[PDB]
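Visitor: Got a structure here, written out as structure tokens. Questions coming.
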Amino acid sequence: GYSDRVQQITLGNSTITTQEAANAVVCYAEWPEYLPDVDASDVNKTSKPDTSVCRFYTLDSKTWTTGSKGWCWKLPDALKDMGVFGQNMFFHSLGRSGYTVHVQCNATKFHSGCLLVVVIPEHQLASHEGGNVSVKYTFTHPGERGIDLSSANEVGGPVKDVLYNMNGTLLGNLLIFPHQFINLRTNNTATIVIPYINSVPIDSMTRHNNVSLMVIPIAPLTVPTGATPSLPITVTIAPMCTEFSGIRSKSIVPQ
Amino acid sequence: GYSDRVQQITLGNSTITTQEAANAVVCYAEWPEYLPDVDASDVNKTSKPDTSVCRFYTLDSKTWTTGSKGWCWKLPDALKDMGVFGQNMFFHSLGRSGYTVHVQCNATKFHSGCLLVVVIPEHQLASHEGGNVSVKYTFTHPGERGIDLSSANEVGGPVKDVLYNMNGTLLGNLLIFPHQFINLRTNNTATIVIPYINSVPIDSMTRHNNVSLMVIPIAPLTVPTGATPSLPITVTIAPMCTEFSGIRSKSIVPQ
Amino acid sequence: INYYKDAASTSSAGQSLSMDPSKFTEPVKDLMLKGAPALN
Amino acid sequence: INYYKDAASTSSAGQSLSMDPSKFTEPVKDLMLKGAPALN
Amino acid sequence: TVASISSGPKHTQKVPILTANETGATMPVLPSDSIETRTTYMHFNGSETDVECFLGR
Amino acid sequence: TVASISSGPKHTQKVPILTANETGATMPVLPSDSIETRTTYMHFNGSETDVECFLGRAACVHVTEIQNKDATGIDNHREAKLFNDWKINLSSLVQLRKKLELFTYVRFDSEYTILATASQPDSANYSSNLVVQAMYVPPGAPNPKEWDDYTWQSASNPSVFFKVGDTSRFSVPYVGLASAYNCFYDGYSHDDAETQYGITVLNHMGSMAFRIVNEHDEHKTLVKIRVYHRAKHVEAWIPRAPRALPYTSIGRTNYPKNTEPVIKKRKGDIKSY
Amino acid sequence: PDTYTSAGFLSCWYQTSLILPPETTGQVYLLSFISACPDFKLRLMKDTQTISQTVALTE
Amino acid sequence: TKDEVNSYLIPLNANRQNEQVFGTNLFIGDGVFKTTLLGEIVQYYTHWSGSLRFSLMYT
Ligand SMILES: COc1ccc(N2CCN(c3cccc(C)c3)CC2)nn1
């Protein structure tokens, strides 16, 4: 009586149940694991807070309306302030982590709409100015708020044009990245497990984000007659196999 | 060529060397160890940050002068703000820890003076008011500053009379507690290893301090002629075998 | 002979005959031998 | 040692040490396994 | 006797915490079905809750 | 067992009497390390210094008093000593208290003994024979209000009935929340800015209620209750410095202001005998 | 209830939100139950504050 | 304000986001818990220890 459909994920002191899942994706078919010695470089023993950092943090909720263009969060940024995960983050020189991402959106059998939930490794954004204008730090570190693709261009911020993925590629091809759809008629959640993907064994958690999670409405939300025209979307994310190394004074970052 | 005299303690990412030690005391002849299952009650898996919390924090320095009466720090309070030790502390419901305490005071072969360095398990202080006046919270949670026994009585604070240990017992008998002397002529540091001592397996780190460390001048400081009449005393302390459990929202404590 | 069912109801305990002052008199980390120099 | 002849005169009984809540907590006709779906 | 066993992360298709109370059962769910636990023992028998004890004073 | 071995002259490079007290140890030096001794045996075991023995005799822990009199028109029985409770604790009387506070944590079963004697301070024809009821009202139980409440039915709460002039005796297992009783506690019940400090916030074992079962005779009768406590099955951890100043309160360490010097001043010099 | 000995809080919030189908309206309710795990221990019997009386009952 | 079948019902509102459904402390011997069978038995004893199971059935 197991269905692909019902699932339970327990991680730390927190549990999620979905009764309307559509399997789960594990990026590149690899599950998060700690850093092996053969791959290690820094000689420091690392710190593995385990259950105090590897639990589920639910970010603040978004509201899908007929005019929504899509939202974008960066990792580990989105979690920069969650509990002890965040403290560890500002206090060590280097850290490394994988995540379980669970995006939630329920409706009824009269609604229609379909969101794309995708994880993009190394999502370098484009400046809407063109040329070689850079995208300032603050703009690519929105924190739990994430970036709202239907917000206005700002100065020093990225471009927010959806048919171009914020980088000069077409929305249609985002499907080459680990992703899952939430089609109100099928699905009510999306779950993706992200292994740590980098060109170095461990890195800085503040100067470099290693994935952007993106939720994009593709088939517009259509509510039943005289229904309220909107649904909330909630994102809950859990660091998994986290390791921190090179402890010290506590980083100070712009803004 | 090993002497009782020279020592090195490396704990985490921090190391201490003393070239003029007088052995080291291990309270009640027991070395800190984690909490065994047979002794466990709370069903929660605990978090053991290891090297990020088990390193040496050096508190701010004191100044021994001919008029000094002695100083008193409480644990884990004194460390409530040190790095990730402190964060963990405010963020979990329960925690447990042992410590290595290293008290430092060097002079020259012309100085004289002798400090008592003692650890008192469950040091319940007395109100200087008498009767059944209580000692308010803030007063018994001085933080890294500790309590200065030569400061004035304050209201809601403890009594600071040294011949009575702040509790109705005589200074002379403090020697029944694990302790070590720093006699300028012999010694320049004192080191005590404290195992976790409580009547419960794990407790709250904020509502209850489980040891007071006390440094008390007993033979007054006497400097050579026309020397400056004072010496600094420094206290460095390292949590060891720390475990935190029952993570959540982050305690808010008076003042 | 206990006449009662519960353990609290039994008489006083019997002498530890345990006795080991070293946790109190010699809690030093490196062992000290009497007769050898205290500080080497 | 009973000093008396009748059974009513003996002391309290001794712990059931029986304990089986299932007649109260799971009186369902078809067995339910924890983890399997409640309603199939 | 163990009061709690050790249990770690879970990502299953087997959800012990979803039930149907309409059935009249109280499903025997434990801390270890929904958080990560460590082993602990009971140290207790339930002696003083025996009905002989409850009605016996 | 030898108390001293035989030992003779010494001229060594091995000096057991020179040590460094800064280390925190008390080196086990004996008479035979510094004088010439002869063999002698101990003839003694140290039996009567066992902590079970030290804390194991009955000590008076509480004296209270109740009276038997007509309650007609009494608006507050508790206040007329028609009945009286005892927010149970051992810190009350100082003799046993100093003994227990030689340790930080203590664990033991208690064997209480209650003596009740009657007094008839004003003109009575006779001495009546009263039965006392002592009922242990643990925390969370209804608290008497009148001397003949439904409370005193004490259907679930252990109670003993004995006669004035007699004694009642019954022991109770170690009913501490923790693994042991704290003799000291440098904490609070929560991080409140004004919540009490010390043990008091742990001592919450309820209170003992006493009453006379008898209705009133024509005269009044004063009954004075003395509770004795004996520790059995004792276990004590972490020795501390003995109490030097006088006590002021149950459960706090506080000593009185302008107390007197506790160390006896010499009548003479340091050099005096 | 005692402070030192206190056990925490229990709260519940919308994670996303309740959504009713068409032709439907108003409030929906949750029923909530409580029972003890097999884990549970109770000790030191005493009298309940939940029942009292002022005169003996009769038939 | 008077005991009613309605105090067993926790109401839910359609379309609210982020908000709080109910809250309670966990003094099992008092307050909401007190009249429940669990609450009612706990009150015959002085001390309790163990895990509690709290479930919600949606209607
Ligand atoms: C400070 O140490 C102690 C040591 C023992 C103790 N208790 C007081 C309550 N007492 C008790 C327990 C149950 C029933 C009755 C009448 C009395 C047991 C001993 N209280 N404090």
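In the structure tokens, chains take letters A, B, ... by order of appearance, with residues numbered from 1 within each chain and ligands from 1 in the order shown.
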Go through the chains and note each residue within 9 Å of ligand 1, using only C-alpha atoms and all ligand atoms, then give the set as a ChimeraX atom specification.

Guide: /F:88-91,97,100-101,105-112,134-138,170-176,180-184,199,203-208,229,231,251

Visitor: Keeping only N, CA and C atoms, write those residues as a CSV table (one decimal), in the first residue's frame.

Guide:
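Listing of result.csv after writing:
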```csv
chain,number,residue,atom,x,y,z
F,88,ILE,N,7.0,20.4,54.8
F,88,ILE,CA,8.1,19.5,55.1
F,88,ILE,C,9.4,20.1,54.5
F,89,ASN,N,10.5,19.9,55.4
F,89,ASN,CA,11.9,20.3,55.1
F,89,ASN,C,12.7,19.9,56.3
F,90,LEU,N,14.0,19.9,56.1
F,90,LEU,CA,15.0,19.4,57.2
F,90,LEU,C,16.0,20.6,57.6
F,91,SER,N,15.8,21.7,56.9
F,91,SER,CA,16.7,22.9,57.1
F,91,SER,C,16.2,23.7,58.4
F,97,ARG,N,21.0,19.7,60.3
F,97,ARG,CA,21.4,20.5,59.1
F,97,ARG,C,22.9,20.7,58.9
F,100,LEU,N,24.2,17.3,57.5
F,100,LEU,CA,23.9,17.0,56.1
F,100,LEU,C,24.7,17.9,55.2
F,101,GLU,N,25.0,19.1,55.6
F,101,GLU,CA,25.6,20.1,54.6
F,101,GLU,C,27.0,20.0,54.5
F,105,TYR,N,25.3,16.6,47.6
F,105,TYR,CA,24.2,15.8,47.2
F,105,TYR,C,24.1,14.6,48.2
F,106,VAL,N,22.9,14.2,48.5
F,106,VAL,CA,22.8,13.1,49.6
F,106,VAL,C,21.6,12.3,49.1
F,107,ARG,N,21.5,11.2,49.3
F,107,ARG,CA,20.4,10.2,48.9
F,107,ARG,C,20.2,9.2,50.0
F,108,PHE,N,19.0,9.1,50.5
F,108,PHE,CA,18.7,8.1,51.5
F,108,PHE,C,17.1,8.1,51.8
F,109,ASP,N,16.8,6.9,52.4
F,109,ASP,CA,15.4,6.6,52.8
F,109,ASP,C,15.2,7.2,54.2
F,110,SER,N,14.0,7.6,54.5
F,110,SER,CA,13.8,8.2,55.7
F,110,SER,C,12.9,7.4,56.6
F,111,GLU,N,13.2,7.4,57.8
F,111,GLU,CA,12.4,6.7,58.8
F,111,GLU,C,12.1,7.7,59.9
F,112,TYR,N,10.9,8.2,59.7
F,112,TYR,CA,10.3,9.2,60.6
F,112,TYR,C,9.7,8.5,61.9
F,134,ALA,N,-1.9,11.9,61.3
F,134,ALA,CA,-0.9,12.5,60.4
F,134,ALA,C,-1.0,12.0,59.0
F,135,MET,N,-1.3,13.0,58.1
F,135,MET,CA,-1.5,12.7,56.7
F,135,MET,C,-0.6,13.5,55.8
F,136,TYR,N,0.2,12.8,55.0
F,136,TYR,CA,1.1,13.3,54.0
F,136,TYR,C,0.4,13.8,52.8
F,137,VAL,N,0.2,15.1,52.7
F,137,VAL,CA,-0.5,15.8,51.6
F,137,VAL,C,0.5,16.2,50.5
F,138,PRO,N,1.0,15.3,49.7
F,138,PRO,CA,2.0,15.6,48.7
F,138,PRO,C,1.5,16.8,47.8
F,170,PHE,N,7.2,5.0,60.7
F,170,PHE,CA,7.0,4.6,59.3
F,170,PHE,C,8.0,5.2,58.4
F,171,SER,N,8.6,4.5,57.6
F,171,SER,CA,9.6,5.0,56.7
F,171,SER,C,9.1,5.1,55.3
F,172,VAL,N,9.7,6.0,54.6
F,172,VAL,CA,9.4,6.3,53.2
F,172,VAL,C,10.6,6.2,52.3
F,173,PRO,N,10.4,5.6,51.1
F,173,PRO,CA,11.5,5.6,50.1
F,173,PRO,C,12.0,7.0,49.8
F,174,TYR,N,13.2,7.0,49.2
F,174,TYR,CA,13.8,8.3,48.7
F,174,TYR,C,13.0,8.9,47.5
F,175,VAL,N,12.2,10.0,47.9
F,175,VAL,CA,11.2,10.6,46.9
F,175,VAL,C,11.7,11.9,46.2
F,176,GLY,N,13.0,11.8,45.8
F,176,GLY,CA,13.6,12.9,45.1
F,176,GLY,C,13.3,12.8,43.6
F,180,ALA,N,19.6,12.2,43.4
F,180,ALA,CA,19.9,12.5,44.7
F,180,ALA,C,19.4,13.9,45.1
F,181,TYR,N,19.3,14.1,46.4
F,181,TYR,CA,18.9,15.3,47.0
F,181,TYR,C,20.1,16.3,46.9
F,182,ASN,N,19.8,17.5,46.5
F,182,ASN,CA,20.7,18.6,46.4
F,182,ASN,C,20.7,19.3,47.8
F,183,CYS,N,21.9,19.5,48.3
F,183,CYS,CA,22.1,20.1,49.6
F,183,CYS,C,22.4,21.6,49.4
F,184,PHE,N,22.6,21.9,48.1
F,184,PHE,CA,22.9,23.2,47.6
F,184,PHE,C,22.5,23.2,46.2
F,199,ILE,N,17.8,26.5,47.0
F,199,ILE,CA,17.3,25.1,47.1
F,199,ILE,C,15.7,25.1,47.2
F,203,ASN,N,13.0,22.0,46.9
F,203,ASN,CA,12.2,21.6,48.1
F,203,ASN,C,10.7,21.9,47.8
F,204,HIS,N,10.0,20.9,47.4
F,204,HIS,CA,8.6,20.9,47.0
F,204,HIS,C,8.0,19.6,47.2
F,205,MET,N,8.2,19.0,48.4
F,205,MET,CA,7.8,17.7,48.7
F,205,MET,C,6.5,17.7,49.4
F,206,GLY,N,5.8,18.8,49.4
F,206,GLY,CA,4.5,19.0,50.0
F,206,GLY,C,4.6,19.5,51.4
F,207,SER,N,3.7,19.0,52.2
F,207,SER,CA,3.6,19.3,53.6
F,207,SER,C,2.8,18.2,54.4
F,208,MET,N,3.1,18.1,55.6
F,208,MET,CA,2.5,17.1,56.5
F,208,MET,C,1.4,17.8,57.4
F,229,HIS,N,13.7,12.4,62.4
F,229,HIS,CA,14.1,11.8,61.1
F,229,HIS,C,15.4,11.1,61.2
F,231,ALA,N,18.0,8.9,58.7
F,231,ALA,CA,18.4,8.5,57.3
F,231,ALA,C,18.8,7.0,57.3
F,251,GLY,N,17.0,27.0,53.6
F,251,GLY,CA,17.3,26.9,52.1
F,251,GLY,C,18.1,28.0,51.6
```

Visitor: Would you list the contacts of residue A:125 as number ranges by chain, taking every protein, DNA or RNA residue within 8 Å and counting only C-alpha atoms, but skipping same-chain residues closer than 4 positions in sequence?

Guide: A: 135, 158-159, 166-167

Visitor: Please return, as a ChimeraX atom specification, all residues of chain E that DSSP assigns to strand (DSSP E) on the basis of the backbone.

Guide: /E:2-4,10-12,40-41

Visitor: With chain H as the partner and 9 Å as the cut-off, tabulate the residues of chain F that qualify, each row holding the nearest pair of atoms and their distance in Å to one decimal, using only C-alpha atoms, sorted by chain and rising number, as a Markdown table.

Guide:
```
| residue | atom | partner | partner_atom | distance |
| --- | --- | --- | --- | --- |
| F:138 | CA | H:46 | CA | 7.0 |
| F:139 | CA | H:46 | CA | 6.7 |
| F:140 | CA | H:46 | CA | 6.8 |
| F:141 | CA | H:43 | CA | 8.3 |
| F:156 | CA | H:44 | CA | 7.7 |
| F:177 | CA | H:47 | CA | 8.0 |
```

Visitor: Please, which residues of chain C lie no more than 8 Å from chain B when the count uses only C-alpha atoms, and can they be set out as an mmCIF file with C-alpha atoms, in the first residue's frame?

Guide:
```
data_model
loop_
_atom_site.group_PDB
_atom_site.id
_atom_site.type_symbol
_atom_site.label_atom_id
_atom_site.label_comp_id
_atom_site.auth_asym_id
_atom_site.auth_seq_id
_atom_site.Cartn_x
_atom_site.Cartn_y
_atom_site.Cartn_z
ATOM 1 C CA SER C 22 42.806 9.451 47.033
ATOM 2 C CA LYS C 23 40.001 11.141 45.105
ATOM 3 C CA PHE C 24 40.255 13.907 47.743
ATOM 4 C CA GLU C 26 45.695 13.142 45.537
ATOM 5 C CA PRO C 27 43.604 14.254 42.593
ATOM 6 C CA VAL C 28 46.776 15.157 40.618
ATOM 7 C CA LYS C 29 47.015 14.330 36.920
ATOM 8 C CA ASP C 30 50.615 13.031 36.951
ATOM 9 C CA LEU C 39 58.658 19.306 41.196
ATOM 10 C CA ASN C 40 61.192 17.925 38.744
#
```
